[PDB]
Amino acid sequence: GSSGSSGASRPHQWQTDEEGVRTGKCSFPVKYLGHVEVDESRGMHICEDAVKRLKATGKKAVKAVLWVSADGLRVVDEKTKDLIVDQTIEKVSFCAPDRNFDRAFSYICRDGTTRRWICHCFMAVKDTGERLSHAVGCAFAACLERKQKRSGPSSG
């Protein structure tokens, strides 16, 4: 009894990510662009500026599954399902969608090596940043929830 995993089709599209974030199965096929530096650390236009950055950095993406959890995220390596990166919702300061590419999602977070702010980007595989913005925004709301307060019952 640890957590385990198991991917499979689902009815919902976004809501499904709202559960996998609480239950433990909110992962989808995406690509890892990388992490870029920021200045403001907050700006829906920033995230975008990030992608572009990596788009000008002349690099490549990695084929991995982006996991989303209240604890944050987890860039698993489809290779052996290993762990490529481990991001925590905490650090994640902001996360905004995109509106230029086909599926380019990014989010700001406080670096955990130096002493600055870093932004991450992920090129969805067969999805759109929006959805990714939901999952990321799902965990956040969840994590936040614990801190924040909830009005009226909302089980589902």
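Residues numbered from 1 in each chain as written, not as in the entry; some residues may be left out. Heavy atoms only, no water.

- For this deposited structure, the header cites solution NMR as the method used.

### A few points about the overall build of the protein chain
For step 1, the next point in the chain: Within the protein chain, the regular secondary structure consists of three helices and seven strands.
For step 2, the next point in the chain: Ordered by position from the N terminus, the helices and strands of the protein chain form the series α-β-α-β-β-β-β-β-β-α.
For step 3, the next point in the chain: Taking 156 residues into account, the globule formula puts the C-alpha radius of gyration at 15 Å, and the protein chain, at 15 Å, falls close to it.
For step 4, the next point in the chain: Dimensions of the protein chain along its principal axes, counting C-alpha atoms only, are 45 × 35 × 30 Å.
For step 5, the next point in the chain: A separation threshold of at least 6 residues defines the contact pool for the protein chain, and within that pool the share at least 24 residues apart is 60%.
For step 6, the next point in the chain: For the protein chain, the accessible area works out to roughly 9800 Å², and carbon and sulfur atoms hold 43% of it. (Helix = DSSP H or I, 4+ residues; strand = E, 2+ residues; numbered from the N terminus. Rg over C-alpha atoms; globule rule 2.2 N^0.38 Å. Contact = heavy atoms within 4.5 Å. Areas by Shrake-Rupley, 256 points an atom, 1.4 Å probe, with all protein chains shown as cover.)

### Some thoughts on the nonpolar core
For step 1, the next point in the chain: With 26 residues, the main nonpolar core has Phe 28, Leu 66, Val 68, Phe 105, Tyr 107, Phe 122 and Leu 132 as its most contacted residues.
For step 2, the next point in the chain: Elements supplying a minimum of two residues to this core: β1 (27–37), β2 (62–69), β3 (72–77), β6 (104–110), β7 (117–124) and α3 (129–147).
For step 3, the next point in the chain: Ranked by the residues each element gives to this core, the list is headed by α3, at seven residues.
For step 4, the next point in the chain: Setting aside its immediate chain neighbours within four residues, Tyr 107 contacts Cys 47, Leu 73, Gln 87, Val 92, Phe 94, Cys 95, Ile 118, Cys 119, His 120 and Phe 122.
For step 5, the next point in the chain: With 15 residues, the next largest nonpolar core counts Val 38, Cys 47, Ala 96 and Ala 104 among its residues. (Core = buried A, V, L, I, M, F, W, Y, C linked by side-chain atoms within 4.5 Å. Buried < 20%, exposed > 50% of the residue type's maximum accessible area, 1.4 Å probe, protein only.)

### Regarding the environment of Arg 146
For step 1, the next point in the chain: Along the polypeptide, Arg 146 turns up in helix α3.
For step 2, the next point in the chain: In this structure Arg 146 comes out as exposed when scored by relative accessible area, which is 75%.
For step 3, the next point in the chain: Sequence separation of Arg 146 and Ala 70 is 76 residues, and the distance between their C-alpha atoms is 9.9 Å.

### A look at helix α1 (residues 15–24)
For step 1, the next point in the chain: Of the positions making up α1, those classed as buried are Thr 16, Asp 17, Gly 20 and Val 21. For α1, the arc enclosing every buried residue in end-on projection is 140°, short of the 170-degree limit, so these residues lie on one face. (Arc of directions from axis to C-beta.)

### With respect to α3
For step 1, the next point in the chain: Between the first and last C-alpha of α3 there are 26 Å, a value that for 19 residues agrees with the 27 Å anticipated at 1.5 Å per step.
For step 2, the next point in the chain: Within the span of α3, buried status applies to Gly 129, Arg 131, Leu 132, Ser 133, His 134, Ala 135, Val 136, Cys 138, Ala 139, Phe 140 and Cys 143. (Expected span 1.5 Å × (residues − 1).)

### Focus: the sheet that holds β7
Hydrogen bonding along the main chain pairs the strands of a sheet, whether they run parallel or antiparallel.
For step 1, the next point in the chain: With respect to topology, seven strands assemble into an open sheet ordered β4-β3-β2-β1-β7-β6-β5, the strand pairing being antiparallel. Of all strands in the sheet, those bounded by a partner on one side alone are β4 (82–88) and β5 (94–96). On average, adjacent strands in this sheet sit at an angle of 30° to one another, irrespective of strand direction.
For step 2, the next point in the chain: Packing of helix α2 (residues 44–57) onto the sheet brings it into contact with β1, β5, β6 and β7, and relative to β1 it is tilted by some 85°. (Pairing = 2+ DSSP bridges. Axes fitted to C-alpha atoms, helices over the stretch in contact; angles between N-to-C directions.)

### Some details on the pairing of β7
For step 1, the next point in the chain: In terms of burial, β7 is largely enclosed, as seven of its eight residues are buried.
For step 2, the next point in the chain: Pairing between β6 and β7: seven bridges, direction antiparallel. By the bridge assignment for β7, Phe 105 is matched with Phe 122.
For step 3, the next point in the chain: Here β6 folds back onto β7, and the loop between the two strands holds six residues.

### Section: the side chain of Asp 127
For step 1, the next point in the chain: With respect to the helices, strands and loops of the structure, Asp 127 is situated in the loop between β7 and α3.
For step 2, the next point in the chain: You can call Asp 127 buried: its relative accessible area is 15%.
For step 3, the next point in the chain: Setting aside chain neighbours within four positions, we find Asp 127 in contact with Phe 28, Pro 29, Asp 102, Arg 103 and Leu 132.

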